[PDB]
RNA sequence: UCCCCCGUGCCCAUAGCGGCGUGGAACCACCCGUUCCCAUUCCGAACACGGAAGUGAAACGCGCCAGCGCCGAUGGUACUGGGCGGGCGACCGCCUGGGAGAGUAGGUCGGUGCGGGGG
RNA sequence: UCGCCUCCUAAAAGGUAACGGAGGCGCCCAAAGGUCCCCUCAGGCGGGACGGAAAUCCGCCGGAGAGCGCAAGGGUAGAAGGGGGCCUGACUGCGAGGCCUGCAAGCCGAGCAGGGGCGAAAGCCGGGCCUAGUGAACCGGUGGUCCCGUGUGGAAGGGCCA
RNA sequence: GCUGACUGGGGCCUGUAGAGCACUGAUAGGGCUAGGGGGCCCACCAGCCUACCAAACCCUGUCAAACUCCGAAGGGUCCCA
RNA sequence: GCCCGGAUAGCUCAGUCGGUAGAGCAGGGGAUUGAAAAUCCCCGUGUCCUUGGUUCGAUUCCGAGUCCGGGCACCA
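Residue numbers (the entry's author numbering), protein chains in the order written: chain BG, 2 to 182; chain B0, 2 to 85; chain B6, 9 to 52; chain BS, 11 to 108; chain BQ, 1 to 141.
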C-alpha cells in the first residue's frame, strides 16, 4: 500500500518531536530519509568460474527490487581480476519500498543478529547519513536456512536531509533504531 | 703516437620539421579552400565560414577576408567575413 | 592479416584487414559495388 | 549538470529555442550573429487552455503562423535539454522539417 | 658532497652570465653576509671548503647559512681524448653566482669573529668578495 | 521611458569562492502523482507524462561584505631596435628610440544586447 | 650511426648544423569505425561485514592534475573521455581551392552525382583527438574487363581496372 | 610596366631577452607534522620523547635548454602611401 | 607458394583391410629383501585432434577446418 507503519510513524510522531527538539521554521528543514542504498562486496564470484547470479535473485526477495550488477574499475593483480567482467551487487531503495525494507529490518531482522547490543553510534560522523554492515543474510524473514549455501553479508547506507549527525541521530533513534549507548 | 679511444652517443636524432602555423593573417583576402592554419590541436577554433579537417586544419569555406578573435576562456576563432 | 572483399556471387573487391585470433571468421559487411549498386561482400 | 548544449551544434541559421516550464512552455525563433529574437509564442502566457502537450501543438501552430507572415519559412529545432519527446511542437507550417 | 638528490636531466648546456643577481641579493637571515662582486661558477668543493673554515674559526660556535646551491652539472671529457663522440662525463657541480649575490650569512657572533671568519672564506672562493651588514635590505612596508 | 521576473546572446574572473538578508502575487523551482507517452545495467533519483494541496528549506533571482581569489597604475629598474666605447678574458660602460616581470598605491563581491510576462 | 615520429638546442614567423641533450616507430582496433542518445574525471576527508594502503557501497570537497591503445608534445569535459542503439561512409565516380615543395613524394579539402547509414529534424559519415606504424620503378602472381589478337575465325600472349 | 629593396601608418602572427614559481622538477632556514628509524618500554598495545630519516601544509629564501602565472625590444605577413 | 608425412592414456607409440582400443614406460598399492635397482602380482587414465558424410553402426573410408613434422622450389 501507499502507506506503511514507519511512514505513518515518521509523520504522526517523529516529524513533530524533531520540530519540538530542534526548532525548525520550515517543513522542509525537518529532516527526512532520502534513500537507503544497500550493497554486497563479493570478492569471489569472479573465479571458480562463478556465475553466482544466486545473490541477486535472492536479494530481490528481501529488498523487493531486482538488484544491479556492479563491476571493477581498475585492474588489481594483487587482489585479483581485471577491470570489467568483475563483481559487486547494488540496489537503491526510495519511497514505500525504502520504508517496507527498514520496517522489516528494524522490527525483525536486527532482532535475530547473532550477538547484538545496539547499532554502532559512530557511523554518521557529521557527514549526515549512516552506514552499517551485516554478515548473515538469513537474518531476514524471507530468507530460509534451506535457501542458503554461502553467507554473504552487506553494507547499508541510509541517507538523510539532516546536515549534522546530531539531528540525524535523533531521526534514526526515534524511527526505532536501537543504538549502543 | 698514442691515440686515445672514445665512445658513442645514442642520441643523434630529431624528426623532420613539419612547418606548422598560421598561414593567412587578419585582413588577407582568401578564396574558398585556402588553408588558414596548420596546427596540432584546437590552438585556434574554427569560426564563420571556417571548416577544420581530420588533422585540425582550419580553412576558408568562402572567398572572403580573415578576422581573428580571442574570447578568453572560449579560445581563439578565425573567421572569414565574406566580401560579395 | 591483409584481406579482400567480393560482391557475394561475382567480381569486385574492397580490401581490408582483420585480426584472425581477435574477433575473426567469415568477415561479412554491407559495402557498395560499382557492379550495379550494392551488396554483402565476403573475405578471401 | 544539464550541460547538454547540443545547441552548441548550431552551424547554419535560425534557431527555434524552446523552454519548457513545469507550468508552461515557451518558444522563440532566434537569430544568432545578430543576437536578436524575432518571433515568440507561449503557453497560457499567450492566454491558452489548461492542459499540456495538447497546448504544445497549439503554441506551435501559433508560433508558425506568426513567423510565416514575416518571411521565415525554415529554421532549426532546438530545446537544449529537450529529450525530443512528449511536449512536441509537431505543427504544420515551418519548413524546418519534422 | 653537495648535489641534488635527483635531476630531471643528467647533463646540461653551459650557457652564459648576464650581469646582476636576479635575487638572493639582500641579507634575510643572519646578521653578516659575504657578497659576490663578480660572476662565476662556484664549485661545491669551494663552498664546502669555505663553510668549513668559517666554522673552524668560530669553532662549533654560531650559525651558518649557505645561500647558493650547486644544481648545475659539470662535464669533462676523459683525459687525453680528442673531440666529438658526444658530450663529456659529469665531474662535479657548480652554483652560478653573479655580482651582488649574498652567498653566505652568519648569526650569533661578534663582529670581530664574523669579519674575520668571512674574510677567510673569501679566500677559498675563486672570486672577489665584500662583507655586508643589514641596511635598507628590509623589503617591507 | 522606470521597476521585477522568465527566457537568450555578447563582454571574458572587476563576472569568482566564502560568508551574511531577502523574494513566492506573478514568474521559476522544489512540489502532488506514476493512469497514459517515456524511462531506470536496481531505483519516477535522472529522463518523461498527468497535476496543482504545500514551500521558498533546497536550487535559482536580488542585495550587503574584501578574509581568500581576480584585476592593477604611477614611478624606477631589467631587457633591448639602431648608433658607439673599456677589458686579456668572464663581461662591463655611454648615446638615441622601445620598455617589462615582480612589487607599491589602488580597484573589484560584474556590465550589456534582443524578445517575452507582470506595476 | 644510416629511414620515420616527439622534445630541446633554434636567437618570440618559417627554416636552421655537430660522432650536441633525450626518447619513440616498422605495430594496433571488426569495435579502439559511422551516426543518434545518454553520462563526467584524478585525487582528498569522513562513513561502511567479509574488506590492503585504491576491490564494491554512501556523503561532502575537488575544473581538470584523470582519461584519450603505444614516445613525446599540442589539444581536449561547452569532449577528443565513459556507456548504450541502430549501423558499415575502413563508400564508388569526381574535386573548386590551398599547405608543403629542387624533382617525386607528403598533407588538407568545400562542393556535385551514384547508392547508403544514423537522426523527428538541422545535419553528420570518403576510418581512428592530432603529428610515427613506411618502400619509387623494373620483374612477376592473382580476380576481374568496353580493349589488342601478326592473311580470316579462334586461341597463345599482351593492355585496362583491382 | 611601377609592381622592387628600404621607409611611414594600420591590422593580424609569435613565446626568446628579462622576469616569475601558478604547473614540472631542483633547492636553503625555520614551524607544523602522515609514515619509518630509534630511546622510554610492554606485549594488556598502547604510550611518551627525540639538537635523527621524512611526505603534504604554513613563513621566509632561492635554481632550470628539454619549467612558465608573465613577457619586451625585435621578427614575419597583408593592406594603403 | 606446391606436394608429402602425422594427431590415439601423463609420456613414446601399435591396429578391424568399416564390427577389440592396446603395448611399453612413468605413475600407485602388494610379495622379495641388509638394501636401491632388476625382479614377480593387482588397479586409474580414451572427444582415437575437427565438424560433415558413405554405411546397419565406426576408432581405420571419403569431403574437411586445425596444429606440429619434414620436402622441393621462388623472391621483383
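Every residue, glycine too, gets a C-beta built ideally from N, C-alpha and C.
Asked                                                                                                                              : Found
Continuous beta strand (DSSP E) stretch holding residue 53 (chain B0): start and end                                               : 51-53
Any alpha helix (DSSP H) of 4 or more consecutive residues that is wholly inside the region 27-69 of chain BG                      : 55-64
Residues near residue 54 (chain BQ) in its chain [Cβ-Cβ closer than 6 Å; skip 5 each side]                                         : 64, 117 and 121
Secondary structure, beta strand (DSSP E): runs of 3+ residues fully inside the region 67-104 of chain BS                          : none
Option in 140 (chain BG), 159 (chain BG), 111 (chain BG) and 142 (chain BG) with minimal Cα separation from residue 129 (chain BG) : 159 (chain BG)
Counterpart residues of residue 179 (chain BG) in DSSP-defined beta bridges                                                        : None, per the DSSP bridge assignment.
Test: residue 12 (chain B0) CB closer than 8 Å to a CB of chain BQ                                                                 : yes
Proximity below 8 Å, CB of residue 49 (chain BQ) to CB of residue 3 (chain BQ)                                                     : no
7 Å Cβ shell around residue 16 (chain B6) - same chain, five flanking residues per side excluded                                   : 47, 48, 49 and 50
Cross-chain neighbours of residue 16 (chain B0) in chain BQ, by beta carbon under 8 Å                                              : Neighbours of residue 16 (chain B0) on chain BQ: none; closest Cβ ~20 Å, over 8 Å.
Residue(s) in a DSSP beta bridge with residue 41 (chain BQ)                                                                        : 96 (chain BQ)
Beta-carbon spacing of residue 20 (chain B0), residue 39 (chain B0) below 8 Å                                                      : yes
Rounded straight-line distance, which links the Cα of residue 46 (chain BG) to that of residue 53 (chain BG)                       : 6 Å
Classification of residue 65 (chain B0) by the beta-carbon crowding that lies within 10 angstroms, buried from 16 upward           : buried
Cutoff 8 Å: residue 82 (chain BQ) Cβ touching any chain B0 Cβ                                                                      : yes
Residue burial classification, residue 97 (chain BS) (beta-carbon count within 10 angstroms, cutoff 16)                            : buried
Residue 1 (chain BG) versus 115 (chain BG), 144 (chain BG), 41 (chain BG) and 105 (chain BG), residue with shortest Cα-Cα distance : Past the edges of chain BG, shown from 2 to 182, lies residue 1 (chain BG), and the structure says nothing about it.
For residue 24 (chain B6) and residue 11 (chain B6), believed in contact at Cβ under 8 Å, the rounded distance                     : 5 Å
Three CB pairs or more closer than 8 Å across the region 89-102 of chain BG and the region 163-181 of chain BG                     : no
For residue 46 (chain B0) and residue 57 (chain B0), the rounded distance between their alpha carbons                              : 9 Å
Beta-carbon separation (whole angstroms), residue 40 (chain BQ) vs residue 106 (chain BQ), contact threshold 8 Å                   : Between residue 106 (chain BQ) and residue 40 (chain BQ) the Cβ distance is about 21 Å, and since that is not below 8 Å, they are no contact.
CB contact below 8 Å: residue 88 (chain BQ) versus chain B0                                                                        : no
Three-state secondary structure (DSSP) of residue 71 (chain BQ)                                                                    : coil
Residue 63 (chain BS) in three-state terms, based on DSSP                                                                          : helix
is_contact[residue 76 (chain BQ), chain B0] using C-beta, thresh 8 Å                                                               : no
Closest Cα partner of residue 137 (chain BG) within the set 5 (chain BG), 41 (chain BG) and 11 (chain BG)                          : 41 (chain BG)
Alpha-carbon to alpha-carbon, residue 27 (chain BS) and residue 48 (chain BS)                                                      : 11 Å
Local Cβ density within 10 Å of residue 77 (chain BG), reported as buried at 16 or more and exposed below that                     : exposed
Span separating the alpha-carbon of residue 123 (chain BG) from that of residue 33 (chain BS)                                      : 45 Å
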